[PDB]
């Protein structure tokens, strides 16, 4: 479990989160929340550190993650932003949790801290 091998598995996890099979619930998370289109103008009063898969993929491609756990922190931040902002019963929370189930299932293969 070198850091290279771990970062390689994190790239595979991200590819899986962006894969076609999950599009039906992952699409709200591909790009920054479109606050202006949706009219969610209190979003930035609640969420001070936005994150989305496109941002994570740009960081991964730029070699910006030093280890698997910094990658995990950014992925989990994207999900926590959704859970912090949206009502727990909301449809986008259901979609977020489905995408998180994909992440957590695969991230379970990464050695602990």
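Definition used throughout: the rigid core is the maximal C-alpha set that superposes within 1.5 Å between two forms. Numbering follows the first chain given and starts at 1.
Engineer: Do the Cα atoms of 76 to 84 or of 38 to 46 sit farther, on average, from the shown structure in 4 other deposited structures of this protein when the rigid core is superposed?
Structural biologist: Taking the RMS over all superposed structures in 4 other deposited structures of this protein, 38 to 46 lies farther out.
Engineer: For the stretches 35 to 43 and 60 to 68, which has the higher mean C-alpha B-factor as given in the deposited record?
Structural biologist: Result: 60 to 68.
Engineer: Averaging only over Cα atoms, indicate whether 21 to 29 or 8 to 16 has the higher B-factor in the PDB entry.
Structural biologist: Result of the comparison: 8 to 16.
Engineer: Going by what the PDB entry lists, where does residue 87 fall on CA B-factor within its chain: lowest, middle or highest third?
Structural biologist: Within its chain, residue 87 is a lowest-third residue by C-alpha B-factor, going by the deposited values.
Engineer: Quick check for you: using the entry's CA B-factors within this chain, is residue 81 in the lowest, middle or highest third?
Structural biologist: Lowest third of the chain for residue 81's C-alpha B-factor.
Engineer: How does the C-alpha B factor of residue 73 compare with the rest of the chain: lowest, middle or highest third?
Structural biologist: Residue 73: CA B-factor falls in the highest third of its chain.
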